[PDB]
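Notes follow once the structure below has been shown.
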2 protein chains.
Amino acid sequence: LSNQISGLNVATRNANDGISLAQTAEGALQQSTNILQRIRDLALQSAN
Amino acid sequence: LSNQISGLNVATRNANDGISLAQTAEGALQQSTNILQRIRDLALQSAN
């Protein structure tokens with residue numbers, strides 16, 4: 001049981017690192033979405 | 001929805017630009033038809 005609980009603690013910690021990495025990726029993806037919106041705006045302006 | 005909103009705003013801006021262009025062309029057409037009016041006056045007084 002001690003081995004199991006230690007494994008679960010280290011696994012929850014690794015999962016915390018994973019969710020932080022995923023949130024960083026999600027923020028970068030949000031920034032790419034904003035860039036794509038700006039691109040569509042400037043492209044429809046490029047119709048001119 | 002955000003992309004659609006942005007596209008509609010830039011489309012309305014292009015629409016105002018086109019309305020202004022057509023209004024300038026309309027003013028030029030009014031001037032030309034006034035000149036043609038004066039031309040007919042000069043031609044009929046040229047009956048002499």
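Just remember, in the structure tokens the first chain shown is A, the second B, etc., residues are 1-based per chain, and ligands are 1-based in the order shown.
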Next on the checklist: Contacts from chain B to chain A, 7 Å maximum, only C-alpha atoms: show me the residue list as number ranges by chain.
Outcome noted: B: 3, 6-7, 10, 14
Any chance you could dump chain A, least-squares fitted to chain B on all C-alpha atoms in order, as an mmCIF file with N, CA, C and O atoms, in the first residue's frame?
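Result file follows (part29.cif):
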data_model
loop_
_atom_site.group_PDB
_atom_site.id
_atom_site.type_symbol
_atom_site.label_atom_id
_atom_site.label_comp_id
_atom_site.auth_asym_id
_atom_site.auth_seq_id
_atom_site.Cartn_x
_atom_site.Cartn_y
_atom_site.Cartn_z
ATOM 1 N N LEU A 1 -18.421 32.607 -34.809
ATOM 2 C CA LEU A 1 -19.210 33.837 -34.787
ATOM 3 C C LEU A 1 -18.324 35.076 -34.794
ATOM 4 O O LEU A 1 -18.671 36.082 -35.420
ATOM 5 N N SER A 2 -17.178 35.030 -34.109
ATOM 6 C CA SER A 2 -16.271 36.172 -34.138
ATOM 7 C C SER A 2 -15.720 36.394 -35.539
ATOM 8 O O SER A 2 -15.655 37.535 -36.016
ATOM 9 N N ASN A 3 -15.323 35.313 -36.215
ATOM 10 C CA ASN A 3 -14.874 35.431 -37.600
ATOM 11 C C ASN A 3 -15.970 36.026 -38.474
ATOM 12 O O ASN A 3 -15.718 36.926 -39.286
ATOM 13 N N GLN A 4 -17.205 35.542 -38.305
ATOM 14 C CA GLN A 4 -18.310 36.060 -39.103
ATOM 15 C C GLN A 4 -18.519 37.550 -38.867
ATOM 16 O O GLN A 4 -18.606 38.322 -39.825
ATOM 17 N N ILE A 5 -18.587 37.976 -37.603
ATOM 18 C CA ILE A 5 -18.888 39.377 -37.317
ATOM 19 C C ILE A 5 -17.752 40.279 -37.784
ATOM 20 O O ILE A 5 -17.986 41.388 -38.276
ATOM 21 N N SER A 6 -16.503 39.817 -37.655
ATOM 22 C CA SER A 6 -15.389 40.603 -38.178
ATOM 23 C C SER A 6 -15.491 40.745 -39.691
ATOM 24 O O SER A 6 -15.250 41.830 -40.245
ATOM 25 N N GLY A 7 -15.855 39.658 -40.375
ATOM 26 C CA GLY A 7 -16.077 39.741 -41.808
ATOM 27 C C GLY A 7 -17.177 40.720 -42.163
ATOM 28 O O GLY A 7 -17.067 41.470 -43.131
ATOM 29 N N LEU A 8 -18.253 40.734 -41.372
ATOM 30 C CA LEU A 8 -19.346 41.658 -41.665
ATOM 31 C C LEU A 8 -18.940 43.106 -41.422
ATOM 32 O O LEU A 8 -19.348 43.991 -42.180
ATOM 33 N N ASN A 9 -18.133 43.372 -40.392
ATOM 34 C CA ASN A 9 -17.658 44.738 -40.182
ATOM 35 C C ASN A 9 -16.769 45.194 -41.333
ATOM 36 O O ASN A 9 -16.951 46.295 -41.873
ATOM 37 N N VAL A 10 -15.800 44.363 -41.727
ATOM 38 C CA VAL A 10 -14.919 44.780 -42.815
ATOM 39 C C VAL A 10 -15.692 44.877 -44.128
ATOM 40 O O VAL A 10 -15.379 45.719 -44.980
ATOM 41 N N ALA A 11 -16.741 44.066 -44.293
ATOM 42 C CA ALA A 11 -17.553 44.144 -45.501
ATOM 43 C C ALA A 11 -18.390 45.414 -45.521
ATOM 44 O O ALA A 11 -18.536 46.046 -46.572
ATOM 45 N N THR A 12 -18.952 45.804 -44.375
ATOM 46 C CA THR A 12 -19.684 47.063 -44.305
ATOM 47 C C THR A 12 -18.758 48.244 -44.564
ATOM 48 O O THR A 12 -19.155 49.229 -45.197
ATOM 49 N N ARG A 13 -17.511 48.154 -44.102
ATOM 50 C CA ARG A 13 -16.555 49.222 -44.377
ATOM 51 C C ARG A 13 -16.234 49.303 -45.866
ATOM 52 O O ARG A 13 -16.233 50.397 -46.453
ATOM 53 N N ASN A 14 -15.961 48.156 -46.493
ATOM 54 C CA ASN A 14 -15.731 48.135 -47.935
ATOM 55 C C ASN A 14 -16.947 48.655 -48.692
ATOM 56 O O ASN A 14 -16.810 49.336 -49.713
ATOM 57 N N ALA A 15 -18.149 48.355 -48.197
ATOM 58 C CA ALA A 15 -19.362 48.860 -48.830
ATOM 59 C C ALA A 15 -19.476 50.370 -48.673
ATOM 60 O O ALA A 15 -19.998 51.052 -49.559
ATOM 61 N N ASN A 16 -19.007 50.906 -47.547
ATOM 62 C CA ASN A 16 -18.977 52.356 -47.386
ATOM 63 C C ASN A 16 -18.027 53.000 -48.391
ATOM 64 O O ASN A 16 -18.366 54.014 -49.017
ATOM 65 N N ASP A 17 -16.834 52.423 -48.560
ATOM 66 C CA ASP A 17 -15.943 52.919 -49.610
ATOM 67 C C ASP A 17 -16.605 52.821 -50.980
ATOM 68 O O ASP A 17 -16.472 53.729 -51.812
ATOM 69 N N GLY A 18 -17.339 51.735 -51.224
ATOM 70 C CA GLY A 18 -18.001 51.569 -52.506
ATOM 71 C C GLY A 18 -19.082 52.605 -52.755
ATOM 72 O O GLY A 18 -19.195 53.140 -53.860
ATOM 73 N N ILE A 19 -19.890 52.902 -51.736
ATOM 74 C CA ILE A 19 -20.952 53.890 -51.912
ATOM 75 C C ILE A 19 -20.360 55.283 -52.067
ATOM 76 O O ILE A 19 -20.896 56.117 -52.803
ATOM 77 N N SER A 20 -19.232 55.557 -51.402
ATOM 78 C CA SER A 20 -18.579 56.847 -51.608
ATOM 79 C C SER A 20 -18.047 56.970 -53.032
ATOM 80 O O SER A 20 -18.204 58.017 -53.678
ATOM 81 N N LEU A 21 -17.417 55.908 -53.539
ATOM 82 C CA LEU A 21 -16.958 55.898 -54.925
ATOM 83 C C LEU A 21 -18.124 56.098 -55.887
ATOM 84 O O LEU A 21 -18.032 56.870 -56.850
ATOM 85 N N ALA A 22 -19.236 55.405 -55.636
ATOM 86 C CA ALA A 22 -20.406 55.537 -56.491
ATOM 87 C C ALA A 22 -21.012 56.930 -56.426
ATOM 88 O O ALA A 22 -21.502 57.425 -57.443
ATOM 89 N N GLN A 23 -20.979 57.585 -55.263
ATOM 90 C CA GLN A 23 -21.494 58.947 -55.169
ATOM 91 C C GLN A 23 -20.591 59.924 -55.913
ATOM 92 O O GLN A 23 -21.074 60.874 -56.540
ATOM 93 N N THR A 24 -19.276 59.709 -55.852
ATOM 94 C CA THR A 24 -18.370 60.526 -56.655
ATOM 95 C C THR A 24 -18.656 60.355 -58.143
ATOM 96 O O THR A 24 -18.719 61.340 -58.897
ATOM 97 N N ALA A 25 -18.840 59.107 -58.579
ATOM 98 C CA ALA A 25 -19.191 58.854 -59.972
ATOM 99 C C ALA A 25 -20.518 59.511 -60.332
ATOM 100 O O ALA A 25 -20.669 60.058 -61.428
ATOM 101 N N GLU A 26 -21.486 59.477 -59.416
ATOM 102 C CA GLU A 26 -22.793 60.067 -59.685
ATOM 103 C C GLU A 26 -22.693 61.581 -59.815
ATOM 104 O O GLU A 26 -23.369 62.190 -60.651
ATOM 105 N N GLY A 27 -21.850 62.208 -58.995
ATOM 106 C CA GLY A 27 -21.637 63.641 -59.129
ATOM 107 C C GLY A 27 -20.983 64.008 -60.447
ATOM 108 O O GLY A 27 -21.390 64.968 -61.114
ATOM 109 N N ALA A 28 -19.955 63.252 -60.842
ATOM 110 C CA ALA A 28 -19.340 63.481 -62.147
ATOM 111 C C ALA A 28 -20.355 63.293 -63.271
ATOM 112 O O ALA A 28 -20.361 64.046 -64.254
ATOM 113 N N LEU A 29 -21.236 62.302 -63.131
ATOM 114 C CA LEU A 29 -22.269 62.087 -64.135
ATOM 115 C C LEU A 29 -23.259 63.245 -64.177
ATOM 116 O O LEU A 29 -23.682 63.649 -65.264
ATOM 117 N N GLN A 30 -23.629 63.790 -63.016
ATOM 118 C CA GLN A 30 -24.486 64.973 -62.983
ATOM 119 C C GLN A 30 -23.829 66.138 -63.711
ATOM 120 O O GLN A 30 -24.489 66.891 -64.440
ATOM 121 N N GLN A 31 -22.524 66.312 -63.503
ATOM 122 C CA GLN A 31 -21.808 67.370 -64.207
ATOM 123 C C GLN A 31 -21.833 67.141 -65.714
ATOM 124 O O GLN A 31 -21.986 68.093 -66.492
ATOM 125 N N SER A 32 -21.701 65.884 -66.143
ATOM 126 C CA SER A 32 -21.791 65.596 -67.573
ATOM 127 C C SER A 32 -23.190 65.891 -68.107
ATOM 128 O O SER A 32 -23.340 66.362 -69.239
ATOM 129 N N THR A 33 -24.227 65.615 -67.310
ATOM 130 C CA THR A 33 -25.584 65.972 -67.726
ATOM 131 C C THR A 33 -25.732 67.478 -67.893
ATOM 132 O O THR A 33 -26.345 67.941 -68.860
ATOM 133 N N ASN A 34 -25.198 68.253 -66.948
ATOM 134 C CA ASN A 34 -25.258 69.706 -67.076
ATOM 135 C C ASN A 34 -24.527 70.175 -68.329
ATOM 136 O O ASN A 34 -25.001 71.070 -69.044
ATOM 137 N N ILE A 35 -23.374 69.568 -68.616
ATOM 138 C CA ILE A 35 -22.639 69.912 -69.829
ATOM 139 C C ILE A 35 -23.460 69.575 -71.067
ATOM 140 O O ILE A 35 -23.476 70.334 -72.040
ATOM 141 N N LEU A 36 -24.162 68.440 -71.051
ATOM 142 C CA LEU A 36 -24.977 68.061 -72.201
ATOM 143 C C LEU A 36 -26.155 69.011 -72.387
ATOM 144 O O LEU A 36 -26.541 69.316 -73.522
ATOM 145 N N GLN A 37 -26.746 69.481 -71.287
ATOM 146 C CA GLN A 37 -27.804 70.483 -71.394
ATOM 147 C C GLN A 37 -27.268 71.773 -72.003
ATOM 148 O O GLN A 37 -27.904 72.373 -72.881
ATOM 149 N N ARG A 38 -26.095 72.216 -71.543
ATOM 150 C CA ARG A 38 -25.469 73.390 -72.146
ATOM 151 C C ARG A 38 -25.175 73.165 -73.625
ATOM 152 O O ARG A 38 -25.317 74.088 -74.435
ATOM 153 N N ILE A 39 -24.788 71.943 -73.993
ATOM 154 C CA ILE A 39 -24.490 71.639 -75.387
ATOM 155 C C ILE A 39 -25.753 71.720 -76.232
ATOM 156 O O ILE A 39 -25.743 72.284 -77.330
ATOM 157 N N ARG A 40 -26.859 71.155 -75.740
ATOM 158 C CA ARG A 40 -28.115 71.248 -76.478
ATOM 159 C C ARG A 40 -28.567 72.695 -76.614
ATOM 160 O O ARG A 40 -29.063 73.102 -77.673
ATOM 161 N N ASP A 41 -28.402 73.491 -75.554
ATOM 162 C CA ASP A 41 -28.756 74.905 -75.636
ATOM 163 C C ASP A 41 -27.932 75.622 -76.697
ATOM 164 O O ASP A 41 -28.477 76.339 -77.544
ATOM 165 N N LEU A 42 -26.612 75.433 -76.671
ATOM 166 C CA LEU A 42 -25.757 76.125 -77.629
ATOM 167 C C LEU A 42 -25.976 75.603 -79.045
ATOM 168 O O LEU A 42 -25.760 76.329 -80.020
ATOM 169 N N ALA A 43 -26.422 74.354 -79.177
ATOM 170 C CA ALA A 43 -26.676 73.794 -80.500
ATOM 171 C C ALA A 43 -27.973 74.337 -81.084
ATOM 172 O O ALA A 43 -28.041 74.664 -82.274
ATOM 173 N N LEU A 44 -29.020 74.430 -80.263
ATOM 174 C CA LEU A 44 -30.257 75.040 -80.735
ATOM 175 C C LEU A 44 -30.081 76.534 -80.964
ATOM 176 O O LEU A 44 -30.793 77.125 -81.784
ATOM 177 N N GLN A 45 -29.142 77.162 -80.250
ATOM 178 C CA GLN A 45 -28.756 78.527 -80.587
ATOM 179 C C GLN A 45 -27.993 78.564 -81.904
ATOM 180 O O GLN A 45 -28.096 79.533 -82.665
ATOM 181 N N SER A 46 -27.232 77.508 -82.194
ATOM 182 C CA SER A 46 -26.495 77.398 -83.445
ATOM 183 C C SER A 46 -27.403 77.277 -84.656
ATOM 184 O O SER A 46 -26.911 77.382 -85.785
ATOM 185 N N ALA A 47 -28.704 77.051 -84.458
ATOM 186 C CA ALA A 47 -29.635 77.133 -85.574
ATOM 187 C C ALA A 47 -29.618 78.521 -86.192
ATOM 188 O O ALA A 47 -29.589 78.651 -87.420
ATOM 189 N N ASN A 48 -29.633 79.563 -85.355
ATOM 190 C CA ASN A 48 -29.449 80.964 -85.742
ATOM 191 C C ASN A 48 -30.230 81.346 -86.995
ATOM 192 O O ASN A 48 -29.794 82.207 -87.761
#
